[PDB]
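Asks: Pasting in a structure now, in structure tokens, and then I'll have a few things to ask.
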Amino acid sequence: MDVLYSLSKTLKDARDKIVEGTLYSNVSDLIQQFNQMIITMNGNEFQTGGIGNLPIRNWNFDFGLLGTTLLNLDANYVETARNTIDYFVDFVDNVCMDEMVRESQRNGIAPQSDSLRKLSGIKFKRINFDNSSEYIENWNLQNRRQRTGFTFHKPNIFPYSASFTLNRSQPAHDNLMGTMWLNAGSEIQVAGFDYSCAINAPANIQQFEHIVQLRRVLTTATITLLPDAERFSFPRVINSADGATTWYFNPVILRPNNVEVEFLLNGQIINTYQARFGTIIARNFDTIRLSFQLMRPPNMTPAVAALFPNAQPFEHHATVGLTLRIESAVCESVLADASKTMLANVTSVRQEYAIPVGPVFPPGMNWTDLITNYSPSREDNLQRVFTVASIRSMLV
Amino acid sequence: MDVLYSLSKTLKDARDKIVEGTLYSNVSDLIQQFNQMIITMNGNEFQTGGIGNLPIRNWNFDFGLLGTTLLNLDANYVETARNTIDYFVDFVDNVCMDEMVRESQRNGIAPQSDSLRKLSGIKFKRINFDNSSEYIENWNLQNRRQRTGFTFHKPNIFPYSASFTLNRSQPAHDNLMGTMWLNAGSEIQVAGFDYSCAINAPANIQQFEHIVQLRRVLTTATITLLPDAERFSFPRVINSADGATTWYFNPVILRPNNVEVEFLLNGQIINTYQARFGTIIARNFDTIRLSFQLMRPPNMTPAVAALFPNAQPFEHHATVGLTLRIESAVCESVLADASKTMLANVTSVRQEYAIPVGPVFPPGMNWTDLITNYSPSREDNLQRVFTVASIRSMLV
Amino acid sequence: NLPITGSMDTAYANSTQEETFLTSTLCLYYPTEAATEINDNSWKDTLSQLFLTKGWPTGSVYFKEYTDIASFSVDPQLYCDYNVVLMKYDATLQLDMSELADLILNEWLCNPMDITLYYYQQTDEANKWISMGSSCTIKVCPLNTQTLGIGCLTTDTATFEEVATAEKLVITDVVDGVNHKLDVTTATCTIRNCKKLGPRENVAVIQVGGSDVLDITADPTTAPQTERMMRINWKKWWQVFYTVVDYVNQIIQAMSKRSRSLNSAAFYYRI
Amino acid sequence: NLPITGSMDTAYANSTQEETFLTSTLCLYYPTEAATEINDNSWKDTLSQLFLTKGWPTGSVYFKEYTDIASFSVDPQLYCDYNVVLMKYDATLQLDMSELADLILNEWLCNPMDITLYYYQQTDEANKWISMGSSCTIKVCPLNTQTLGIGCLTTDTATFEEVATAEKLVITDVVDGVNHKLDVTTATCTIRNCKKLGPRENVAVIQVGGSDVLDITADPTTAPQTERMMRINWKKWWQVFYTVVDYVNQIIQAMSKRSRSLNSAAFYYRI
Ligand SMILES: *[C@@H]1O[C@H](CO)[C@@H](O)[C@H](O)[C@H]1NC(C)=O
Ligand SMILES: *[C@@H]1O[C@H](CO)[C@@H](O)[C@H](O)[C@H]1NC(C)=O
Ligand SMILES: [Ca+2]
Ligand SMILES: [Ca+2]
Ligand SMILES: [Ca+2]
Ligand SMILES: [Ca+2]
Ligand SMILES: [Ca+2]
Ligand SMILES: [Ca+2]
Ligand SMILES: [Ca+2]
Ligand SMILES: [Ca+2]
Ligand SMILES: [Zn+2]
Ligand SMILES: [Zn+2]
Ligand SMILES: [Zn+2]
């Protein structure tokens with residue numbers, strides 16, 4: 001992986017720095033590294049592909065070295081460099097694609113393609129130089145068994161789930177108490193509803209709770225908490241839990257009462273915010289507990305008093321919503337987020353060459369299935385393929 | 001691991017071969033290996049950790065070489081060697097125990113304890129010599145990504161499960177048709193019961209099926225298949241599926257008819273055995289399908305005909321059994337079995353020092369929970385701890 | 001009662017209307033004048049066959065007759081899984097019919113009221129006194145903490161306040177938290193202390209003629225028309241029964257299975 | 001009807017007897033002579049109170065009376081969730097007792113017969129002809145493969161073979177595979193072609209005095225005496241009813257819910 005990344009980095013620096021008119025002083029070290037890469041790769045035969053519709057390609061390296069006596073680079077030097085750079089970039093892209101489409105259960109961190117396994121030999125370590133990208137840095141930390149860290153803007157940590165739970169229900173679904181939520185990506189909208197507006201409640205207060213378990217620990221997380229769930233604030237007809245019938249929801253929104261968001265790690269309360277909205281910081285957590293309340297307004301105007309009668313029928317249903325959006329976080333594991341493209345790259349490569357479903361990832365690289373059952377083996381394979389995708393993005 | 005195994009092997013060979021009066025030619029290579037170990041270990045500080053109630057222990061190595069220049073070993077030589085060997089054996093046992101009680105979700109095949117991580121450095125590779133035991137051999141094969149093979153006598157492949165399936169039932173539980181089974185260790189007992197004794201069956205034949213899906217592929221397995229399932233051939237009072245009530249079982253055993261044992265690999269019929277009992281060979285499989293039939297006897301003596309009326313009540317219920325014992329097999333993964341002591345050793349070490357439950361193994365190293373969810377991470381950690389346990393059992 | 005968790009992506013099941021029509025019974029309650037006007041001894045068979053065309057198995061639709069609203073209001077026994085009450089409208093009986101609806105469109109938990117030895121009060125707005133009999137004439141004497149009466153003497157029933165007279169059914173609502181002495185003709189009446197638990201979903205009331213006058217809630221600020229309170233203009237009873245049969249699916253959609261576990265002693269017409 | 005998979009370690013639930021009694025009901029069928037000997041106008045009330053001491057809520061236990069076995073055998077309707085029939089023993093009515101027990105202890109699937117038009121045959125051992133009415137007289141004429149009577153003349157019904165005379169209930173079992181012409185007094189009794197589906201587990205029969213003589217299976221080789229066919233010795237009916245009340249736990253334990261889905265809408269009690 002480090003050798004493949006170093007090949008890609010050398011090629012990218014060659015593309016960027018070997019340009020007409022530049023001082024040889026600007027590229028001297030790069031030219032030395034490039035010639036070292038040529039020397040190391042010369043006389044070596046590689047084979048990529050042979051999986052899915054990815055074609056079998058044979059790679060031979062027999063190249064001349066670049067000159068070193070120029071003062072400024074001219075056109076001839078640039079074209080001579082560019083021929084070799086083109087061949088090497090094609091080889092690196094094909095090796096990355098061959099690695100991205102493969103997976104293993106026991107040792108998914110290790111290279112799967114024969115090309116990358118061959119590149120993991122000792123003799124190729126001469127190619128290795130600066131490993132500065134975030135993903136290769138985390139790869140090297142993981143290989144050294146150090147603490148790893150990935151920054152995610154809007155991490156996709158919540159699998160898609162639009163669900164509801166009815167704590168009070170009847171076959172006619174006219175006096176319903178419960179809560180409905182959407183968890184999606186970095187977003188959690190929840191809404192507790194009482195059809196009776198907590199008229200018969202002990203203190204005219206109905207307590208609602210929502211626990212969301214994150215499949216990985218998130219640290220240094222910035223979250224925005226807002227007091228309404230716009231997703232559950234309009235009337236809708238909702239299937240029953242068994243699908244046998246459909247019930248009606250006609251929200252009227254009241255501000256949530258005694259809002260309390262707890263960020264828990266292994267069942268221990270790390271962070272706690274009460275009646276706090278806007279930007280909050282969850283420093284280290286794996287579970288979110290949103291507890292809110294519907295408090296019946298003690299004083300009502302004639303219209304508000306008309307909305308909520310003493311007994312049934314209940315045509316307007318009291319609702320209190322919370323919105324929780326993770327804008328940025330840090331995770332020791334790789335995750336799909338809004339700013340990066342590794343998941344998109346891996347899925348695109350797997351789709352374009354019709355890779356049969358393997359024993360590790362869900363069919364189609366579907367992220368909801370991947371994050372729902374984010375096992376250590378899946379994490380190994382996902383880190384490997386994401387690192388390969390990041391390496392490939394340097395060139396392609 | 002190979003260095004730890006080599007330390008244990010050198011110490012065991014020293015204890016077995018360095019005996020008073022023995023020719024030096026019997027131990028020359030052993031003495032050279034032992035002195036190499038002493039040189040490699042001298043000047044190195046080790047610490048076996050304080051996980052759980054395992055005491056923190058510090059180990060320093062400053063030992064003189066074992067002497068040469070003796071034709072036959074004498075008492076002085078053996079005494080000096082015994083002092084050194086005792087200290088080294090204590091160190092190795094403590095290192096093995098420290099490694100046995102640790103686990104990681106990712107990279108669980110790698111060493112976990114600080115002592116073994118130190119021993120995995122290059123400077124200790126000199127200690128490494130003959131890796132002949134089955135577990136270390138398979139460890140080295142796994143490290144190289146080669147085919148792995150563990151031979152088990154009575155492999156513990158089936159998690160405990162005593163269950164039943166009622167294909168025909170009613171609240172009174174007086175006319176029942178179904179199957180009840182026990183799957184435990186290397187043994188499957190199954191019994192198909194019909195209370196009507198197939199009076200109304202299409203041809204007075206009731207078909208019973210039992211599919212047991214093994215969680216690891218077994219190869220070269222010798223299996224005893226016997227007609228009757230003694231576990232389900234006596235009167236029983238059995239809880240209902242939901243536990244609301246209890247029903248009555250009053251078996252009368254008829255011989256199973258059209259017995260059909262299929263051993264399937266990936267949904268493909270590898271082995272088939274029809275009307276065969278005794279020893280059978282299943283060469284490679286991951287699923288067992290047992291198909292049997294209750295055939296109503298066309299001719300019945302008055303005593304037999306008295307048990308099987310045309311209609312209810314049915315007081316004697318016709319049952320056909322099947323017993324399937326895996327006497328020995330080969331699996332690419334590590335399993336607990338009847339003859340080996342690895343699981344017992346690891347569990348004993350964890351219980352003795354009150355090791356808190358980790359994130360990998362079920363509490364108490366429960367084997368049913370372990371093999372029910374035999375994940376790749378669990379497999380890596382279990383192979384690691386079992387290899388360490390065998391290394392320790394060479395000396396302790 | 002346990003929490004029920006459902007996924008909003010779950011697929012709708014097929015229509016269960018045919019299955020419920022096959023496995024449930026329908027009771028139709030109509031006034032005797034309907035049978036008089038129809039003037040046909042086989043009209044039950046005709047309606048059964050038409051309901052069969054609508055899907056209901058033969059024999060599952062039960063036709064029950066009552067003399068009038070006042071008579072029917074004396075302990076109405078609703079039998080079938082689904083009950084439809086064709087209630088004729090009379091401008092003079094607006095309260096009584098309402099009471100009848102209030103009695104059959106809601107679930108009531110009732111206990112005996114032995115007035116002659118005990119003093120009674122209504123604890124909350126859900127509490128009422130339901131009196132049923134041939135003649136229910138109920139007089140009330142509000143009391144106070146000192147046990148005296150306000151504008152009434154416990155020793156003189158003539159001073160009691162009149163709340164019901166010659167009633168077959170009446171729902172009495174007095175001021176909560178106040179003890180009242182009661183005087184009702186126990187010979188021709190039985191009074192029960194009752195709590196309305198909620199709507200009774202297996203009973204629909206179709207008002208034949210008139211306007212929306214029903215008030216099934218004692219609260220003056222609410223006069224809610226639920227989907228189980230229909231109202232149809234009419235000139236012939238045959239047309240009324242034809243529209244009941246034709247829109248039976250709509251009528252049953254407005255209704256739901258009773259869902260209550262009772263303590264009472266009533267027969268039922270079930271399949 | 002789906003397979004049910006259960007584990008042999010699932011914890012037993014608590015006793016459901018209390019909630020079963022609070023949610024089920026018990027119909028007790030007794031002869032008229034029982035009420036005659038009791039000679040009380042309120043024995044039903046005291047029996048209900050004793051049952052309540054035994055657990056059942058008031059009004060859950062129903063008491064039905066029949067004149068005798070013969071009259072009760074004419075299309076008996078069983079209403080409650082749990083039915084207990086106290087059948088007095090007469091040494092001269094063993095077959096009638098057996099037929100009543102067969103009818104009410106087993107589940108039957110019956111269809112009408114037109115004896116005046118078509119010939120009939122019994123397909124298998126579970127197929128019977130149950131005829132009931134004010135007076136059932138059934139005569140049979142077995143036909144050969146040429147639709148010609150054997151030992152009987154199709155034209156002359158006096159040659160037919162008499163299998164029932166003036167019976168109020170009779171289960172006729174003829175040789176299977178033979179077509180029979182039936183002469184039945186349809187004006188006073190109806191005959192139905194029925195198949196025995198299985199046991200009615202909500203009906204228990206307590207034989208008052210006598211011996212074990214009931215035979216609910218036509219097979220000569222079986223006289224089951226299931227757990228729902230009790231027998232007691234008696235001298236006074238009050239002792240019989242006290243025994244029934246005291247051991248109602250065991251009686252209900254011997255019974256189970258009906259469990260059969262019916263295509264017929266009949267009158268039942270169900271709390
Ligand atoms: C539901 O209706 C569809 C549409 O005809 C039919 O194919 C299907 O079998 C029905 N039943 C179920 C259980 O979906
Ligand atoms: C069942 O009975 C046990 C002991 O009699 C009691 O602890 C428990 O609360 C009861 N109810 C349930 C639902 O287990
Ligand atoms: Ca009135
Ligand atoms: Ca007055
Ligand atoms: Ca009041
Ligand atoms: Ca009102
Ligand atoms: Ca008879
Ligand atoms: Ca004759
Ligand atoms: Ca027959
Ligand atoms: Ca018999
Ligand atoms: Zn619902
Ligand atoms: Zn053995
Ligand atoms: Zn069961």
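A note on labels: chains of the structure tokens are A, B, ... as shown, every chain counts residues from 1, and ligands are counted from 1 in their shown order.
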Could you tell me, counting only C-alpha atoms and all ligand atoms, which protein and nucleic acid residues lie no more than 8 Å from ligand 2, written as a list in words?

Replies: residues 13, 14 and 15 of chain D

Asks: Can you give me the C-alpha RMSD, to one decimal in Å, for chain C fitted onto chain D with all Cα atoms paired in order?

Replies: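 Here the C-alpha RMSD works out to 0.4 Å.
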
Asks: Would you please give, as a VMD selection string, all residues of range 95-133 of chain C that DSSP assigns to helix (DSSP H, G or I) based on the backbone?

Replies: chain C and resid 95 to 104

Asks: Measure the distance from CA of residue 58 in chain D to CA of residue 21 in chain D in Å and round it to one decimal.

Replies: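 CA of residue 21 in chain D lies at a distance of 10.7 Å from CA of residue 58 in chain D.
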
Asks: Please return as a PyMOL selection string: the residues of range 54-130 of chain D that backbone DSSP assigns to strand (DSSP E or B).

Replies: chain D and resi 61-66+82-88+106-112+120+127-130

Asks: Near residue 192 in chain D, counting only C-alpha atoms, which residues have an atom at most 10 Å away, once you skip same-chain residues fewer than 6 positions from it, shown as an MDAnalysis selection string?

Replies: chainID D and resid 109:115 128:132 171

Asks: Please dump the current selection as a PDB file, in the first residue's frame; keep N, CA, C and O atoms.

Replies:
```pdb
ATOM      1  N   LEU D 109     -68.379 -31.357   9.859  1.00  0.00           N
ATOM      2  CA  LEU D 109     -68.584 -30.526   8.679  1.00  0.00           C
ATOM      3  C   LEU D 109     -69.711 -31.169   7.884  1.00  0.00           C
ATOM      4  O   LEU D 109     -69.542 -32.263   7.339  1.00  0.00           O
ATOM      5  N   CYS D 110     -70.860 -30.497   7.836  1.00  0.00           N
ATOM      6  CA  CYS D 110     -72.091 -31.074   7.320  1.00  0.00           C
ATOM      7  C   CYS D 110     -72.561 -30.321   6.085  1.00  0.00           C
ATOM      8  O   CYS D 110     -72.367 -29.108   5.963  1.00  0.00           O
ATOM      9  N   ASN D 111     -73.182 -31.058   5.171  1.00  0.00           N
ATOM     10  CA  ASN D 111     -73.846 -30.492   4.011  1.00  0.00           C
ATOM     11  C   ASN D 111     -75.232 -31.104   3.871  1.00  0.00           C
ATOM     12  O   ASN D 111     -75.483 -32.207   4.371  1.00  0.00           O
ATOM     13  N   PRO D 112     -76.155 -30.406   3.213  1.00  0.00           N
ATOM     14  CA  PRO D 112     -77.519 -30.930   3.091  1.00  0.00           C
ATOM     15  C   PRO D 112     -77.588 -32.130   2.161  1.00  0.00           C
ATOM     16  O   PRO D 112     -76.749 -32.314   1.277  1.00  0.00           O
ATOM     17  N   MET D 113     -78.611 -32.952   2.379  1.00  0.00           N
ATOM     18  CA  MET D 113     -78.894 -34.117   1.554  1.00  0.00           C
ATOM     19  C   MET D 113     -80.294 -33.992   0.970  1.00  0.00           C
ATOM     20  O   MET D 113     -81.219 -33.532   1.646  1.00  0.00           O
ATOM     21  N   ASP D 114     -80.443 -34.399  -0.287  1.00  0.00           N
ATOM     22  CA  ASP D 114     -81.733 -34.423  -0.973  1.00  0.00           C
ATOM     23  C   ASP D 114     -82.069 -35.891  -1.233  1.00  0.00           C
ATOM     24  O   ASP D 114     -81.786 -36.435  -2.301  1.00  0.00           O
ATOM     25  N   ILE D 115     -82.683 -36.529  -0.235  1.00  0.00           N
ATOM     26  CA  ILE D 115     -82.949 -37.960  -0.308  1.00  0.00           C
ATOM     27  C   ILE D 115     -84.010 -38.287  -1.346  1.00  0.00           C
ATOM     28  O   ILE D 115     -84.119 -39.440  -1.776  1.00  0.00           O
ATOM     29  N   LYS D 128     -70.502 -39.765   7.880  1.00  0.00           N
ATOM     30  CA  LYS D 128     -71.705 -40.282   8.512  1.00  0.00           C
ATOM     31  C   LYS D 128     -72.904 -39.491   8.009  1.00  0.00           C
ATOM     32  O   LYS D 128     -72.761 -38.465   7.338  1.00  0.00           O
ATOM     33  N   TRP D 129     -74.103 -39.980   8.327  1.00  0.00           N
ATOM     34  CA  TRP D 129     -75.340 -39.255   8.047  1.00  0.00           C
ATOM     35  C   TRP D 129     -76.013 -38.940   9.374  1.00  0.00           C
ATOM     36  O   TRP D 129     -76.536 -39.840  10.033  1.00  0.00           O
ATOM     37  N   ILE D 130     -76.012 -37.674   9.770  1.00  0.00           N
ATOM     38  CA  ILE D 130     -76.641 -37.263  11.021  1.00  0.00           C
ATOM     39  C   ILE D 130     -78.029 -36.738  10.698  1.00  0.00           C
ATOM     40  O   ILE D 130     -78.175 -35.767   9.947  1.00  0.00           O
ATOM     41  N   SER D 131     -79.053 -37.385  11.248  1.00  0.00           N
ATOM     42  CA  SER D 131     -80.430 -36.948  11.067  1.00  0.00           C
ATOM     43  C   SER D 131     -81.005 -36.554  12.416  1.00  0.00           C
ATOM     44  O   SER D 131     -80.894 -37.308  13.390  1.00  0.00           O
ATOM     45  N   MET D 132     -81.613 -35.372  12.463  1.00  0.00           N
ATOM     46  CA  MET D 132     -82.186 -34.844  13.690  1.00  0.00           C
ATOM     47  C   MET D 132     -83.498 -34.141  13.377  1.00  0.00           C
ATOM     48  O   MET D 132     -83.716 -33.645  12.269  1.00  0.00           O
ATOM     49  N   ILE D 171     -77.109 -41.066  14.236  1.00  0.00           N
ATOM     50  CA  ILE D 171     -75.946 -41.070  13.362  1.00  0.00           C
ATOM     51  C   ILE D 171     -75.962 -42.397  12.616  1.00  0.00           C
ATOM     52  O   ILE D 171     -75.780 -43.460  13.217  1.00  0.00           O
TER      53      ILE D 171
END
```

Asks: Between CA of residue 169 in chain B and atom 13 (C, counted along the ligand's line) of ligand 1, measure the distance and give it in Å to one decimal.

Replies: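 It comes out at 22.4 Å.
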
Asks: Give me, as a ChimeraX atom specification, the set of residues whose atoms come within 7 Å of any atom of ligand 11, counting only C-alpha atoms and all ligand atoms.

Replies: /A:169,171,173,240-241,247

Asks: Show me which residues are within 9 Å of ligand 12 counting only C-alpha atoms and all ligand atoms, and format the list as a list in words.

Replies: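 These are the residues that qualify: residues 153, 154, 327, 338 and 339 of chain B.
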
Asks: Go ahead and save the picked residues with C-alpha atoms, as a PDB file, in the first residue's frame.

Replies:
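Okay, this is what ended up in out.pdb:
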```
ATOM      1  CA  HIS B 153     -11.704 -35.831  17.270  1.00  0.00           C
ATOM      2  CA  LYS B 154     -15.383 -35.153  17.987  1.00  0.00           C
ATOM      3  CA  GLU B 327     -16.286 -38.853  15.193  1.00  0.00           C
ATOM      4  CA  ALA B 338     -13.065 -33.655  22.853  1.00  0.00           C
ATOM      5  CA  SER B 339      -9.364 -34.563  22.801  1.00  0.00           C
TER       6      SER B 339
END
```

Asks: Show which residues sit within 7 Å of residue 332 in chain B, as a list in words. Count only C-alpha atoms, and ignore same-chain residues fewer than 3 positions away.

Replies: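 That gives residues 148, 149 and 150 of chain B.
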
Asks: One number please: CA of residue 167 in chain A to CA of residue 210 in chain A, in Å, one decimal.

Replies: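 Pair CA of residue 167 in chain A / CA of residue 210 in chain A returns 12.5 Å.
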
Asks: So that I can check the surroundings of residue 261 in chain B, please list as an mmCIF file with N, CA and C atoms, in the first residue's frame every protein, DNA and RNA residue that reaches within 7 Å of it, counting only C-alpha atoms and ignoring chain neighbours fewer than 4 positions away.

Replies:
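Output below, filename selection-v6.cif:
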```
data_model
loop_
_atom_site.group_PDB
_atom_site.id
_atom_site.type_symbol
_atom_site.label_atom_id
_atom_site.label_comp_id
_atom_site.auth_asym_id
_atom_site.auth_seq_id
_atom_site.Cartn_x
_atom_site.Cartn_y
_atom_site.Cartn_z
ATOM 1 N N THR B 272 -24.027 -38.156 -0.707
ATOM 2 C CA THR B 272 -25.372 -38.670 -0.477
ATOM 3 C C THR B 272 -25.278 -40.097 0.033
ATOM 4 N N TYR B 273 -26.089 -40.419 1.036
ATOM 5 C CA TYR B 273 -26.151 -41.762 1.598
ATOM 6 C C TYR B 273 -27.608 -42.139 1.804
ATOM 7 N N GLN B 274 -28.018 -43.252 1.198
ATOM 8 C CA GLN B 274 -29.392 -43.736 1.238
ATOM 9 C C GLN B 274 -29.426 -45.071 1.968
ATOM 10 N N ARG B 289 -28.229 -32.272 5.459
ATOM 11 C CA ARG B 289 -29.663 -32.412 5.244
ATOM 12 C C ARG B 289 -30.048 -33.859 5.501
ATOM 13 N N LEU B 290 -30.850 -34.081 6.536
ATOM 14 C CA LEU B 290 -31.364 -35.399 6.879
ATOM 15 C C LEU B 290 -32.826 -35.457 6.468
ATOM 16 N N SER B 291 -33.155 -36.380 5.569
ATOM 17 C CA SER B 291 -34.526 -36.614 5.133
ATOM 18 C C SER B 291 -34.900 -38.027 5.550
#
```

Asks: Give the residues of chain C that lie within 10 Å of chain A; count only C-alpha atoms, and format the answer as a ChimeraX atom specification.

Replies: /C:1-16,125-126,196-199,201,217,219,221-222,224-226,254-260

Asks: Please, which residues of chain A lie no more than 8 Å from chain B when the count uses only C-alpha atoms, and can they be set out as a count of residues only?

Replies: 5

Asks: How would you report the residues lying within 8 Å of ligand 5, as a list in words, if you count only C-alpha atoms and all ligand atoms?

Replies: residues 122, 123, 124, 125, 126, 127, 128, 173, 174, 175 and 176 of chain C

Asks: Can you write out the residues you just picked, keeping N, CA and C atoms, as a CSV table (one decimal), in the first residue's frame?

Replies:
```
chain,number,residue,atom,x,y,z
C,122,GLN,N,-69.9,12.9,41.3
C,122,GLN,CA,-69.2,12.7,40.1
C,122,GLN,C,-67.8,13.3,40.2
C,123,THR,N,-66.8,12.4,40.0
C,123,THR,CA,-65.4,12.8,40.3
C,123,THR,C,-64.8,13.7,39.2
C,124,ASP,N,-65.1,13.4,38.0
C,124,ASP,CA,-64.4,14.1,36.8
C,124,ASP,C,-65.4,14.1,35.7
C,125,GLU,N,-65.0,14.8,34.6
C,125,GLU,CA,-65.9,15.1,33.5
C,125,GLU,C,-66.2,13.8,32.7
C,126,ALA,N,-65.5,12.7,32.9
C,126,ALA,CA,-65.8,11.5,32.3
C,126,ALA,C,-66.9,10.7,33.1
C,127,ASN,N,-67.2,11.1,34.3
C,127,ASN,CA,-68.2,10.4,35.1
C,127,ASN,C,-69.6,11.0,34.8
C,128,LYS,N,-70.6,10.1,34.7
C,128,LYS,CA,-72.0,10.4,34.5
C,128,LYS,C,-72.8,9.4,35.2
C,173,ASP,N,-75.6,14.6,34.3
C,173,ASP,CA,-74.4,15.2,34.6
C,173,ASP,C,-74.6,16.3,35.6
C,174,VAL,N,-74.0,16.2,36.8
C,174,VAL,CA,-74.1,17.2,37.8
C,174,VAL,C,-72.7,17.8,38.1
C,175,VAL,N,-72.7,18.8,39.0
C,175,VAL,CA,-71.4,19.4,39.2
C,175,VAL,C,-70.5,18.5,40.0
C,176,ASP,N,-69.2,18.4,39.5
C,176,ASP,CA,-68.3,17.4,40.1
C,176,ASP,C,-67.8,17.9,41.5
```

Asks: Please return, as JSON, numbers by chain, all residues of chain D lying within 8 Å of chain C when only C-alpha atoms are considered.

Replies: {"D": [22, 23, 57, 59, 60, 261, 262, 263, 264, 265, 266, 267, 268, 269, 270, 271]}

Asks: Output N, CA, C and O atoms for every residue in that selection, as a compact mmCIF listing (two decimals), in the first residue's frame.

Replies:
```
# COMPACT_ATOMS: atom_id res chain seq x y z
N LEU D 22 -61.36 -14.86 33.87
CA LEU D 22 -61.78 -13.47 33.72
C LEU D 22 -62.10 -13.11 32.28
O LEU D 22 -62.76 -12.09 32.04
N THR D 23 -61.65 -13.90 31.31
CA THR D 23 -61.84 -13.59 29.89
C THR D 23 -62.62 -14.66 29.14
O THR D 23 -62.82 -14.52 27.93
N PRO D 57 -65.99 -14.25 36.93
CA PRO D 57 -66.73 -13.01 37.21
C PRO D 57 -68.23 -13.22 37.09
O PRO D 57 -68.72 -14.11 36.38
N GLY D 59 -71.95 -13.20 36.10
CA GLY D 59 -72.58 -13.18 34.80
C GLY D 59 -71.84 -13.97 33.74
O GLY D 59 -72.37 -14.12 32.63
N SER D 60 -70.65 -14.47 34.03
CA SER D 60 -69.89 -15.27 33.08
C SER D 60 -70.42 -16.69 32.95
O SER D 60 -70.39 -17.26 31.86
N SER D 261 -62.29 -22.46 12.96
CA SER D 261 -62.89 -21.30 12.31
C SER D 261 -64.14 -21.73 11.55
O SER D 261 -64.07 -22.59 10.67
N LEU D 262 -65.28 -21.14 11.90
CA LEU D 262 -66.57 -21.54 11.37
C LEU D 262 -66.98 -20.62 10.22
O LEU D 262 -66.70 -19.42 10.24
N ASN D 263 -67.65 -21.20 9.23
CA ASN D 263 -68.25 -20.45 8.14
C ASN D 263 -69.70 -20.07 8.43
O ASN D 263 -70.36 -19.47 7.57
N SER D 264 -70.21 -20.40 9.62
CA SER D 264 -71.60 -20.16 9.99
C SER D 264 -71.66 -19.11 11.09
O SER D 264 -70.89 -19.15 12.05
N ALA D 265 -72.59 -18.17 10.94
CA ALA D 265 -72.83 -17.12 11.93
C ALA D 265 -73.96 -17.60 12.83
O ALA D 265 -75.13 -17.61 12.45
N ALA D 266 -73.60 -18.02 14.04
CA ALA D 266 -74.54 -18.52 15.04
C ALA D 266 -74.50 -17.62 16.27
O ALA D 266 -73.70 -16.69 16.37
N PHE D 267 -75.39 -17.90 17.21
CA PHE D 267 -75.48 -17.15 18.45
C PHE D 267 -74.61 -17.79 19.52
O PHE D 267 -74.74 -18.98 19.82
N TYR D 268 -73.71 -16.99 20.08
CA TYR D 268 -72.80 -17.45 21.12
C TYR D 268 -72.77 -16.41 22.23
O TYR D 268 -73.13 -15.25 22.01
N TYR D 269 -72.35 -16.83 23.41
CA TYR D 269 -71.87 -15.89 24.42
C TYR D 269 -70.35 -15.85 24.36
O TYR D 269 -69.70 -16.90 24.30
N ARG D 270 -69.79 -14.65 24.38
CA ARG D 270 -68.35 -14.46 24.49
C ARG D 270 -68.10 -13.15 25.20
O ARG D 270 -68.44 -12.08 24.68
N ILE D 271 -67.51 -13.22 26.39
CA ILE D 271 -67.26 -12.04 27.20
C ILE D 271 -66.35 -11.07 26.46
O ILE D 271 -66.81 -10.17 25.76
```

Asks: Residues of chain D within 6 Å of ligand 8: nearest atom pair and distance (Å, one decimal) for each, counting only C-alpha atoms and all ligand atoms, sorted by chain and number, as JSON lines?

Replies:
```
{"residue": "D:151", "atom": "CA", "partner": "ligand 8", "partner_atom_place_in_ligand_line": "1 (Ca)", "distance": 4.5}
{"residue": "D:152", "atom": "CA", "partner": "ligand 8", "partner_atom_place_in_ligand_line": "1 (Ca)", "distance": 4.1}
{"residue": "D:159", "atom": "CA", "partner": "ligand 8", "partner_atom_place_in_ligand_line": "1 (Ca)", "distance": 3.9}
{"residue": "D:160", "atom": "CA", "partner": "ligand 8", "partner_atom_place_in_ligand_line": "1 (Ca)", "distance": 5.0}
{"residue": "D:161", "atom": "CA", "partner": "ligand 8", "partner_atom_place_in_ligand_line": "1 (Ca)", "distance": 5.6}
```
